[PDB]
Amino acid sequence: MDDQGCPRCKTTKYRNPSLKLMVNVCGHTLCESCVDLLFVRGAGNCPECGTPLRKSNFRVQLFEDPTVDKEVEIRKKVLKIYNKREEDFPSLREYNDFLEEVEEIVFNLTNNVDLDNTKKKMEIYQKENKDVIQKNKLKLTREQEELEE
Amino acid sequence: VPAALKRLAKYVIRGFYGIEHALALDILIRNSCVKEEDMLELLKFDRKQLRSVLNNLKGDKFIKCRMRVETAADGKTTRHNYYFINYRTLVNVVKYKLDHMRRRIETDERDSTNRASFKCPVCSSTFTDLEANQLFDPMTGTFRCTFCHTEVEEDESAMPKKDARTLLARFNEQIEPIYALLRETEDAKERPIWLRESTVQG
Ligand SMILES: [Zn+2]
Ligand SMILES: [Zn+2]
Ligand SMILES: [Zn+2]
């Protein structure tokens, strides 16, 4: 609403707050006026970055900061890992130790390649998918419902 | 009158109209209201030359006119036409004008998305990819035109998609001054003796 808009169609955004920007894996602001062109050629390629999209991969977002958009999208994904609860650790450092690397991964993934990140995530997934992810999924969804209630 | 209104009028008139319109509008910008005869003598334009310009400024309602009447020194009646700029209607009409361009640009963008990809070199007809199954002839193993019974090409379809974007995109880049100017302009009596004393003799 306050921001100019898409690098191409930066005009309707000033008119009304009903129109919302769309986020994509490329972390690029897009909307129907621009999106319609992305389907006629390439069929899912970022205009300036050229990065392909597996599908439409469009989601409604109302944040002017594309880094937050990426960081939130990354956050939401990374929260599926390393999210074991506090009772798992006896030492105070452990409660935020993994959160350090997790926040580094989330932050670094906004700029750096995910090669090492995916490898580490996969190397830990092979271990965490057995029990802690199964248990934390229940506790996370339960506490999420408690947050909603 | 905020300077932003004056600048907006000067920018739009100079951007999409001739200097005659700008010079005529500058007079109505420098002075809120000026007589047609004065503008005529100031601009030194001919009657039809200035009137046609004024009619355009009337067509887009950028200016308003009122008629004033008075008697000359010799006693003959005089009727002068006083023209004035109407920033309210001007900002409303330019917003419409630009919103219409947006709809046209959106239409041109949607057209750039709907443009046909296959084409015939004989009849110079372009066919949409939906017809591909109709254009492809298995007897030939390739696309052909029903009207020309000749080969139909497809790879040239990249040219119209790329080219149109170049013209349409630059429109928003150059209109930035007007958009900024618009964003900046969106806002005694004593009793008598007969009542004083007894009038009876006593
Ligand atoms: Zn990007
Ligand atoms: Zn765009
Ligand atoms: Zn043909």
# chains A, B, ... in the order shown; residues from 1 in each chain; ligands from 1

$ select_by_dssp --residues "stretch 6-200 of chain B" --states "helix (DSSP H, G or I)" --output "short mmCIF file (atom, residue, chain, number, x, y, z; two decimals) with C-alpha atoms, in the first residue's frame"
data_model
loop_
_atom_site.label_atom_id
_atom_site.label_comp_id
_atom_site.auth_asym_id
_atom_site.auth_seq_id
_atom_site.Cartn_x
_atom_site.Cartn_y
_atom_site.Cartn_z
CA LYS B 6 0.88 24.19 -10.28
CA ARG B 7 3.75 21.78 -10.98
CA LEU B 8 1.36 18.88 -11.62
CA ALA B 9 -0.56 20.95 -14.19
CA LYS B 10 2.68 22.13 -15.82
CA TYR B 11 4.09 18.59 -15.97
CA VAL B 12 0.99 16.93 -17.46
CA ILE B 13 0.38 19.74 -19.97
CA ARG B 14 4.03 19.79 -21.10
CA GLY B 15 4.19 15.99 -21.06
CA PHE B 16 1.18 15.26 -23.27
CA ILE B 19 3.67 24.30 -25.82
CA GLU B 20 0.59 26.29 -26.86
CA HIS B 21 -1.41 24.42 -24.22
CA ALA B 22 1.37 24.82 -21.65
CA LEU B 23 1.79 28.54 -22.36
CA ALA B 24 -1.98 29.06 -22.21
CA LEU B 25 -2.18 27.04 -18.99
CA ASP B 26 0.86 28.83 -17.54
CA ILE B 27 -1.11 32.08 -17.78
CA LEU B 28 -4.00 30.51 -15.87
CA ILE B 29 -1.41 29.10 -13.45
CA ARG B 30 0.41 32.40 -12.97
CA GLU B 36 -9.81 35.43 -23.04
CA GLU B 37 -9.03 38.74 -24.76
CA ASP B 38 -6.05 39.21 -22.42
CA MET B 39 -4.78 35.68 -23.03
CA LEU B 40 -5.31 36.32 -26.74
CA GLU B 41 -3.23 39.51 -26.64
CA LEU B 42 -0.62 37.94 -24.33
CA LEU B 43 -0.21 34.79 -26.43
CA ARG B 47 -9.11 33.56 -32.15
CA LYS B 48 -9.58 30.05 -33.56
CA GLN B 49 -6.00 29.19 -32.58
CA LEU B 50 -6.58 30.06 -28.91
CA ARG B 51 -10.25 28.97 -28.85
CA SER B 52 -9.37 25.48 -30.12
CA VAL B 53 -6.70 25.22 -27.41
CA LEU B 54 -9.20 26.46 -24.82
CA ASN B 55 -11.75 23.97 -26.15
CA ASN B 56 -9.24 21.19 -25.49
CA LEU B 57 -8.64 22.49 -21.97
CA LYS B 58 -12.46 22.58 -21.73
CA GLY B 59 -12.73 19.08 -23.16
CA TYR B 87 -7.45 21.92 -10.04
CA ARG B 88 -10.27 19.78 -8.59
CA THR B 89 -11.59 18.62 -11.97
CA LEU B 90 -8.03 18.56 -13.34
CA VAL B 91 -6.78 16.12 -10.68
CA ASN B 92 -9.96 14.04 -11.05
CA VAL B 93 -9.70 13.86 -14.86
CA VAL B 94 -5.96 13.12 -14.86
CA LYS B 95 -6.54 10.34 -12.33
CA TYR B 96 -9.22 8.94 -14.66
CA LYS B 97 -6.96 9.45 -17.68
CA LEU B 98 -4.12 7.53 -15.99
CA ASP B 99 -6.50 4.86 -14.67
CA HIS B 100 -7.72 4.41 -18.25
CA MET B 101 -4.11 3.96 -19.40
CA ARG B 102 -3.71 1.37 -16.64
CA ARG B 103 -6.75 -0.50 -17.97
CA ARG B 104 -5.38 -0.21 -21.51
CA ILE B 105 -1.92 -1.31 -20.35
CA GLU B 106 -3.51 -4.21 -18.46
CA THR B 107 -5.38 -5.03 -21.67
CA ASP B 108 -2.12 -4.83 -23.65
CA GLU B 109 -0.43 -7.04 -21.04
CA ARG B 110 -3.28 -9.57 -21.21
CA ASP B 111 -2.98 -9.44 -25.00
CA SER B 112 0.78 -10.10 -24.73
CA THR B 113 -0.22 -13.23 -22.77
CA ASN B 114 -2.92 -14.31 -25.28
CA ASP B 129 -1.17 -23.19 -29.62
CA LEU B 130 -4.70 -24.51 -28.96
CA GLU B 131 -4.94 -25.19 -32.71
CA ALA B 132 -1.66 -27.19 -32.66
CA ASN B 133 -3.52 -30.51 -32.83
CA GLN B 134 -5.55 -29.16 -35.77
CA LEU B 135 -2.49 -27.67 -37.52
CA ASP B 155 9.55 -20.78 -32.94
CA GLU B 156 9.06 -17.10 -33.93
CA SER B 157 6.48 -16.79 -31.10
CA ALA B 158 9.21 -15.56 -28.70
CA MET B 159 9.59 -12.24 -30.56
CA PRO B 160 6.11 -10.74 -29.81
CA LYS B 161 6.25 -11.79 -26.14
CA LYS B 162 9.64 -10.13 -25.51
CA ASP B 163 9.08 -7.02 -27.68
CA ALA B 164 5.71 -5.96 -26.22
CA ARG B 165 7.06 -6.06 -22.63
CA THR B 166 9.75 -3.50 -23.54
CA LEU B 167 7.24 -0.84 -24.65
CA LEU B 168 4.65 -1.48 -21.91
CA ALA B 169 7.17 -1.61 -19.02
CA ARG B 170 8.77 1.78 -19.80
CA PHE B 171 5.37 3.49 -19.43
CA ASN B 172 5.42 3.09 -15.63
CA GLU B 173 9.09 4.12 -15.43
CA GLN B 174 8.56 7.50 -17.14
CA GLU B 176 6.93 8.45 -12.02
CA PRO B 177 6.96 12.29 -11.78
CA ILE B 178 3.20 12.49 -12.26
CA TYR B 179 2.62 9.63 -9.81
CA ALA B 180 4.81 11.38 -7.24
CA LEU B 181 3.04 14.70 -7.85
CA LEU B 182 -0.28 12.88 -7.46
CA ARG B 183 0.81 11.21 -4.21
CA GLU B 184 1.84 14.70 -3.04
CA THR B 185 -1.56 16.15 -4.06
CA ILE B 193 -47.06 67.63 34.86
CA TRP B 194 -50.62 66.27 34.73
CA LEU B 195 -49.25 62.96 36.06
CA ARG B 196 -46.81 64.60 38.50
#

$ residues_near_ligand --ligand "ligand 1" --cutoff "7 Å" --atoms "only C-alpha atoms and all ligand atoms" --output "VMD selection string"
chain A and resid 26 to 28 46 49

$ write_last_selection --atoms "C-alpha atoms" --output "mmCIF file, in the first residue's frame"
data_model
loop_
_atom_site.group_PDB
_atom_site.id
_atom_site.type_symbol
_atom_site.label_atom_id
_atom_site.label_comp_id
_atom_site.auth_asym_id
_atom_site.auth_seq_id
_atom_site.Cartn_x
_atom_site.Cartn_y
_atom_site.Cartn_z
ATOM 1 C CA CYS A 26 12.856 -16.483 -5.610
ATOM 2 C CA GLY A 27 11.922 -13.835 -3.030
ATOM 3 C CA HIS A 28 10.544 -11.486 -5.671
ATOM 4 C CA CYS A 46 11.450 -14.988 -12.345
ATOM 5 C CA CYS A 49 16.354 -13.389 -11.692
#

$ select_by_dssp --residues "chain B" --states "strand (DSSP E)" --output "JSON, numbers by chain"
{"B": [33, 34, 35, 63, 64, 65, 66, 67, 68, 69, 70, 71, 77, 78, 79, 80, 81, 82, 83, 84, 85, 118, 119, 120, 125, 126, 127, 136, 137, 142, 143, 144, 145, 150, 151]}

$ closest_residue --among "B:71, B:77, B:117, B:32" --to "chain A" --atoms "only C-alpha atoms"
B:117

$ closest_atom_pairs --of "chain B" --to "ligand 3" --cutoff "9 Å" --atoms "only C-alpha atoms and all ligand atoms" --output "CSV"
residue,atom,partner,partner_atom_place_in_ligand_line,distance
B:119,CA,ligand 3,1 (Zn),7.6
B:120,CA,ligand 3,1 (Zn),4.5
B:121,CA,ligand 3,1 (Zn),6.4
B:122,CA,ligand 3,1 (Zn),4.9
B:123,CA,ligand 3,1 (Zn),4.1
B:124,CA,ligand 3,1 (Zn),6.3
B:125,CA,ligand 3,1 (Zn),5.9
B:126,CA,ligand 3,1 (Zn),8.5
B:144,CA,ligand 3,1 (Zn),7.7
B:145,CA,ligand 3,1 (Zn),4.6
B:146,CA,ligand 3,1 (Zn),6.6
B:147,CA,ligand 3,1 (Zn),5.1
B:148,CA,ligand 3,1 (Zn),4.2
B:149,CA,ligand 3,1 (Zn),6.9
B:150,CA,ligand 3,1 (Zn),6.5
B:151,CA,ligand 3,1 (Zn),8.0
B:152,CA,ligand 3,1 (Zn),7.4

$ residues_near_ligand --ligand "ligand 2" --cutoff "6 Å" --atoms "only C-alpha atoms and all ligand atoms" --output "PyMOL selection string"
chain A and resi 6-8+30+34

$ closest_atom_pairs --of "chain A" --to "chain B" --cutoff "8 Å" --atoms "only C-alpha atoms" --output "tab-separated table"
residue	atom	partner	partner_atom	distance
A:8	CA	B:169	CA	5.9
A:9	CA	B:172	CA	6.9
A:10	CA	B:172	CA	7.2
A:11	CA	B:172	CA	7.6
A:33	CA	B:106	CA	6.6
A:36	CA	B:113	CA	6.3
A:37	CA	B:113	CA	5.7
A:39	CA	B:113	CA	7.6
A:40	CA	B:113	CA	5.2
A:41	CA	B:161	CA	7.4

$ atom_distance --atom1 "atom CA of residue A:24" --atom2 "atom CA of residue A:115"
19.4 Å

$ residues_around --residues "residue A:95" --least-positions-apart "6" --cutoff "10 Å" --atoms "only C-alpha atoms" --output "short mmCIF file (atom, residue, chain, number, x, y, z; two decimals) with C-alpha atoms, in the first residue's frame"
data_model
loop_
_atom_site.label_atom_id
_atom_site.label_comp_id
_atom_site.auth_asym_id
_atom_site.auth_seq_id
_atom_site.Cartn_x
_atom_site.Cartn_y
_atom_site.Cartn_z
CA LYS A 84 12.73 -30.57 20.10
CA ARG A 85 11.43 -29.24 23.43
CA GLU A 86 13.38 -28.08 26.48
CA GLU A 87 12.90 -31.26 28.52
CA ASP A 88 15.29 -32.88 26.04
CA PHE A 89 18.16 -30.77 27.40
#

$ residues_around --residues "stretch 116-128 of chain A" --least-positions-apart "6" --cutoff "8 Å" --atoms "only C-alpha atoms" --output "PyMOL selection string"
chain A and resi 81-82+105+109

$ residues_around --residues "residue B:84" --least-positions-apart "4" --cutoff "9 Å" --atoms "only C-alpha atoms" --output "ChimeraX atom specification"
/B:28-29,31-35,62-66

$ write_last_selection --atoms "N, CA, C and O atoms" --output "tab-separated table (two decimals), in the first residue's frame"
chain	number	residue	atom	x	y	z
B	28	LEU	N	-2.99	30.81	-16.87
B	28	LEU	CA	-4.00	30.51	-15.87
B	28	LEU	C	-3.38	29.98	-14.59
B	28	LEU	O	-4.05	29.95	-13.55
B	29	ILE	N	-2.12	29.55	-14.64
B	29	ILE	CA	-1.41	29.10	-13.45
B	29	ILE	C	-0.77	30.29	-12.74
B	29	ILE	O	-0.82	30.39	-11.52
B	31	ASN	N	-1.80	33.42	-13.03
B	31	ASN	CA	-2.94	34.17	-12.51
B	31	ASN	C	-4.16	33.25	-12.59
B	31	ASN	O	-4.50	32.76	-13.67
B	32	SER	N	-4.79	33.04	-11.44
B	32	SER	CA	-5.93	32.12	-11.32
B	32	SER	C	-6.99	32.33	-12.39
B	32	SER	O	-7.53	31.37	-12.94
B	33	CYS	N	-7.29	33.59	-12.72
B	33	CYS	CA	-8.27	33.87	-13.76
B	33	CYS	C	-7.79	35.01	-14.65
B	33	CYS	O	-7.30	36.02	-14.15
B	34	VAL	N	-7.93	34.82	-15.96
B	34	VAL	CA	-7.50	35.80	-16.95
B	34	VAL	C	-8.54	35.84	-18.05
B	34	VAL	O	-9.12	34.81	-18.41
B	35	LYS	N	-8.78	37.03	-18.59
B	35	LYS	CA	-9.73	37.20	-19.68
B	35	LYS	C	-9.21	36.55	-20.96
B	35	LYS	O	-8.01	36.51	-21.23
B	62	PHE	N	-9.87	20.92	-17.69
B	62	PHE	CA	-8.76	21.44	-16.90
B	62	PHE	C	-8.99	22.90	-16.52
B	62	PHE	O	-8.48	23.37	-15.50
B	63	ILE	N	-9.77	23.62	-17.33
B	63	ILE	CA	-10.08	25.02	-17.10
B	63	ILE	C	-11.59	25.22	-17.10
B	63	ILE	O	-12.36	24.44	-17.68
B	64	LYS	N	-12.01	26.28	-16.42
B	64	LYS	CA	-13.40	26.69	-16.31
B	64	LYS	C	-13.52	28.11	-16.83
B	64	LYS	O	-12.55	28.88	-16.82
B	65	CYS	N	-14.72	28.47	-17.29
B	65	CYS	CA	-14.97	29.81	-17.80
B	65	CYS	C	-16.28	30.38	-17.30
B	65	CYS	O	-17.29	29.68	-17.18
B	66	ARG	N	-16.25	31.68	-17.00
B	66	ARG	CA	-17.40	32.45	-16.56
B	66	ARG	C	-17.43	33.74	-17.35
B	66	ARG	O	-16.38	34.28	-17.75

$ decode --residues "stretch 38-190 of chain B" --atoms "C-alpha atoms" --output "CSV table (one decimal), in the first residue's frame"
chain,number,residue,atom,x,y,z
B,38,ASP,CA,-6.1,39.2,-22.4
B,39,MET,CA,-4.8,35.7,-23.0
B,40,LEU,CA,-5.3,36.3,-26.7
B,41,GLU,CA,-3.2,39.5,-26.6
B,42,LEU,CA,-0.6,37.9,-24.3
B,43,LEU,CA,-0.2,34.8,-26.4
B,44,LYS,CA,-0.8,36.7,-29.7
B,45,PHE,CA,-2.7,33.7,-31.0
B,46,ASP,CA,-5.5,33.9,-33.4
B,47,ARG,CA,-9.1,33.6,-32.1
B,48,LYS,CA,-9.6,30.0,-33.6
B,49,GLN,CA,-6.0,29.2,-32.6
B,50,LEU,CA,-6.6,30.1,-28.9
B,51,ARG,CA,-10.2,29.0,-28.9
B,52,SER,CA,-9.4,25.5,-30.1
B,53,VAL,CA,-6.7,25.2,-27.4
B,54,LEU,CA,-9.2,26.5,-24.8
B,55,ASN,CA,-11.8,24.0,-26.1
B,56,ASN,CA,-9.2,21.2,-25.5
B,57,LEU,CA,-8.6,22.5,-22.0
B,58,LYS,CA,-12.5,22.6,-21.7
B,59,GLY,CA,-12.7,19.1,-23.2
B,60,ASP,CA,-10.6,17.7,-20.4
B,61,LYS,CA,-12.2,20.3,-18.1
B,62,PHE,CA,-8.8,21.4,-16.9
B,63,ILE,CA,-10.1,25.0,-17.1
B,64,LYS,CA,-13.4,26.7,-16.3
B,65,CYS,CA,-15.0,29.8,-17.8
B,66,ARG,CA,-17.4,32.4,-16.6
B,67,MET,CA,-18.9,35.4,-18.4
B,68,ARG,CA,-18.7,39.0,-16.9
B,69,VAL,CA,-20.7,41.9,-18.3
B,70,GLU,CA,-20.2,45.7,-17.9
B,71,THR,CA,-20.8,48.9,-19.7
B,72,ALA,CA,-18.0,50.6,-21.7
B,73,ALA,CA,-17.1,54.3,-21.4
B,74,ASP,CA,-19.2,55.1,-24.5
B,75,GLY,CA,-22.3,53.2,-23.2
B,76,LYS,CA,-22.0,50.0,-25.3
B,77,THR,CA,-22.5,46.7,-23.6
B,78,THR,CA,-19.4,44.5,-23.0
B,79,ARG,CA,-19.2,40.8,-22.3
B,80,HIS,CA,-15.8,39.4,-21.3
B,81,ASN,CA,-15.0,35.7,-21.0
B,82,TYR,CA,-13.1,34.9,-17.8
B,83,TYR,CA,-11.2,31.6,-17.8
B,84,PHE,CA,-9.8,29.9,-14.7
B,85,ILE,CA,-8.0,26.6,-13.9
B,86,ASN,CA,-10.0,24.0,-11.9
B,87,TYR,CA,-7.4,21.9,-10.0
B,88,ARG,CA,-10.3,19.8,-8.6
B,89,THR,CA,-11.6,18.6,-12.0
B,90,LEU,CA,-8.0,18.6,-13.3
B,91,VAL,CA,-6.8,16.1,-10.7
B,92,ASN,CA,-10.0,14.0,-11.1
B,93,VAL,CA,-9.7,13.9,-14.9
B,94,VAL,CA,-6.0,13.1,-14.9
B,95,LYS,CA,-6.5,10.3,-12.3
B,96,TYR,CA,-9.2,8.9,-14.7
B,97,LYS,CA,-7.0,9.4,-17.7
B,98,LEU,CA,-4.1,7.5,-16.0
B,99,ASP,CA,-6.5,4.9,-14.7
B,100,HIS,CA,-7.7,4.4,-18.2
B,101,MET,CA,-4.1,4.0,-19.4
B,102,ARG,CA,-3.7,1.4,-16.6
B,103,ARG,CA,-6.7,-0.5,-18.0
B,104,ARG,CA,-5.4,-0.2,-21.5
B,105,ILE,CA,-1.9,-1.3,-20.3
B,106,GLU,CA,-3.5,-4.2,-18.5
B,107,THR,CA,-5.4,-5.0,-21.7
B,108,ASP,CA,-2.1,-4.8,-23.6
B,109,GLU,CA,-0.4,-7.0,-21.0
B,110,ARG,CA,-3.3,-9.6,-21.2
B,111,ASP,CA,-3.0,-9.4,-25.0
B,112,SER,CA,0.8,-10.1,-24.7
B,113,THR,CA,-0.2,-13.2,-22.8
B,114,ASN,CA,-2.9,-14.3,-25.3
B,115,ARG,CA,-1.0,-13.7,-28.5
B,116,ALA,CA,-0.9,-16.6,-30.9
B,117,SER,CA,2.3,-18.6,-31.3
B,118,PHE,CA,2.0,-20.7,-34.5
B,119,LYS,CA,2.0,-19.0,-37.8
B,120,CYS,CA,1.7,-19.5,-41.6
B,121,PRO,CA,4.2,-17.7,-43.9
B,122,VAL,CA,1.8,-17.8,-46.9
B,123,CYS,CA,-1.2,-16.0,-45.5
B,124,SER,CA,0.7,-14.3,-42.7
B,125,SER,CA,-1.8,-15.7,-40.2
B,126,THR,CA,-0.8,-16.5,-36.6
B,127,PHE,CA,-2.5,-19.4,-34.8
B,128,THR,CA,-2.8,-20.1,-31.1
B,129,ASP,CA,-1.2,-23.2,-29.6
B,130,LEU,CA,-4.7,-24.5,-29.0
B,131,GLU,CA,-4.9,-25.2,-32.7
B,132,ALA,CA,-1.7,-27.2,-32.7
B,133,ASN,CA,-3.5,-30.5,-32.8
B,134,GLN,CA,-5.5,-29.2,-35.8
B,135,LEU,CA,-2.5,-27.7,-37.5
B,136,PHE,CA,-0.2,-30.7,-37.1
B,137,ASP,CA,-0.7,-33.2,-40.0
B,138,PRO,CA,0.5,-36.7,-39.2
B,139,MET,CA,0.7,-37.4,-42.9
B,140,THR,CA,3.3,-34.7,-43.1
B,141,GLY,CA,4.6,-35.0,-39.5
B,142,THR,CA,4.5,-31.2,-39.1
B,143,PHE,CA,2.3,-28.2,-38.7
B,144,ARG,CA,0.5,-26.9,-41.8
B,145,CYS,CA,-2.1,-24.2,-42.7
B,146,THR,CA,-5.6,-25.3,-43.8
B,147,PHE,CA,-6.0,-22.3,-46.0
B,148,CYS,CA,-2.6,-22.4,-47.6
B,149,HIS,CA,-1.8,-26.2,-47.4
B,150,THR,CA,1.6,-25.0,-46.4
B,151,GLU,CA,4.0,-25.3,-43.4
B,152,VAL,CA,3.2,-23.5,-40.2
B,153,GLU,CA,6.0,-22.1,-38.0
B,154,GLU,CA,6.1,-21.8,-34.2
B,155,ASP,CA,9.6,-20.8,-32.9
B,156,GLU,CA,9.1,-17.1,-33.9
B,157,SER,CA,6.5,-16.8,-31.1
B,158,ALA,CA,9.2,-15.6,-28.7
B,159,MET,CA,9.6,-12.2,-30.6
B,160,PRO,CA,6.1,-10.7,-29.8
B,161,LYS,CA,6.3,-11.8,-26.1
B,162,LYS,CA,9.6,-10.1,-25.5
B,163,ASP,CA,9.1,-7.0,-27.7
B,164,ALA,CA,5.7,-6.0,-26.2
B,165,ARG,CA,7.1,-6.1,-22.6
B,166,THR,CA,9.8,-3.5,-23.5
B,167,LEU,CA,7.2,-0.8,-24.6
B,168,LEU,CA,4.7,-1.5,-21.9
B,169,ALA,CA,7.2,-1.6,-19.0
B,170,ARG,CA,8.8,1.8,-19.8
B,171,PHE,CA,5.4,3.5,-19.4
B,172,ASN,CA,5.4,3.1,-15.6
B,173,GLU,CA,9.1,4.1,-15.4
B,174,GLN,CA,8.6,7.5,-17.1
B,175,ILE,CA,5.2,8.4,-15.5
B,176,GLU,CA,6.9,8.4,-12.0
B,177,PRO,CA,7.0,12.3,-11.8
B,178,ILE,CA,3.2,12.5,-12.3
B,179,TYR,CA,2.6,9.6,-9.8
B,180,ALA,CA,4.8,11.4,-7.2
B,181,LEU,CA,3.0,14.7,-7.9
B,182,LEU,CA,-0.3,12.9,-7.5
B,183,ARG,CA,0.8,11.2,-4.2
B,184,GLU,CA,1.8,14.7,-3.0
B,185,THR,CA,-1.6,16.1,-4.1
B,186,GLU,CA,-4.0,13.4,-3.0
B,187,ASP,CA,-5.1,15.7,-0.1
B,188,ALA,CA,-35.3,61.7,29.9
B,189,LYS,CA,-38.8,60.3,29.5
B,190,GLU,CA,-40.0,62.0,32.7
